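A single chain comes next, written as structure tokens; it is the form deposited in one PDB entry.
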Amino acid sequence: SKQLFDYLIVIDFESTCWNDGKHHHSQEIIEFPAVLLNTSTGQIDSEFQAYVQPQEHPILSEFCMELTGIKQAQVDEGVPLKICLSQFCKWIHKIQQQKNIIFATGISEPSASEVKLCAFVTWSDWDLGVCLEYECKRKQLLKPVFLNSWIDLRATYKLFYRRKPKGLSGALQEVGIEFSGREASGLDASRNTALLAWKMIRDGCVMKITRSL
């Protein structure tokens, strides 16, 4: 089948988290990874990664550092979220000078010309729908407008294969991709989600937008 988007940008945020009985409502991004997937060659053409220095809870709990694999010295070495969106936009602008990529709000037909369509792919509506949305509203930051529509890969998986997977790891195993060990985080989790997305593309899945704000 012919794909609608010529590129996919896969994002899997890591955030502050605790397991200690207390009542936490807000979470802060601590890692911003993204991989540019080529939906016709299956290769990763570019990558972005930044460590976000949390402001509201600057000290990572032991549970968080164990779960995400991020060490305190890395978020201490990182930039605040506002500077992180700036670097992410410069990266988005760089792959546009290189790949001639545009973000369109409602595509009905694939490109037949020199332009290349692109969309963001997440494993859930949590990254761009809850995490970055509430934090941008809470910190009153200017959120890039192209991050308001994305592809929920989990919903796409549930409908293309007609089965509920046991997480992102369970999804990879059910299609023959067997990986063992600790749960991957950050950029490594983004690469694995892109590996899943590319496998679904080869199986005949047409990636379409699932959420709009």
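Only residues modelled in both forms are compared. Rigid core: the largest C-alpha set superposing within 1.5 Å between the two forms. Quick note: we count residues from 1 along the sequence shown, nothing fancier.
Below: the form deposited in another entry, not depicted.
Chemist: Determine, after fitting the two forms on their core, whether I102 shows a C-alpha shift of 2 Å or more between this form and the one not shown.
Modeler: For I102, whose C-alpha is compared between this form and the one not shown after core superposition, the shift is less than 2 Å.
Chemist: Align on the rigid core first; then say whether the Cα of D20 has moved by at least 2 Å between this form and the one not shown.
Modeler: For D20, whose C-alpha is compared between this form and the one not shown after core superposition, the shift is 2 Å or more.
Chemist: With both forms fitted on the core, give yes or no for whether the Cα of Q74 moves by 2 angstroms or more between this form and the one not shown.
Modeler: No, the C-alpha position differs by under 2 Å between this form and the one not shown.
Chemist: Closer or farther: how do the CA atoms of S108 and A119 lie in that other deposited form, compared with the form shown, if the change is at least 3 Å?
Modeler: Those two alpha carbons end up farther apart in that other deposited form.
Chemist: Since the Cα-Cα distance for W126 and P110 shifts by 3 angstroms or more in that other deposited form, is it a contraction (closer) or an expansion (farther)?
Modeler: More distant in that other deposited form, by 3 Å or more.
Chemist: Once the rigid core is fitted, tell me which blocks of three or more consecutive residues have Cα atoms all displaced by 2 Å or more between this form and the one not shown.
Modeler: After core superposition, the displaced runs are 19-22, 105-113.
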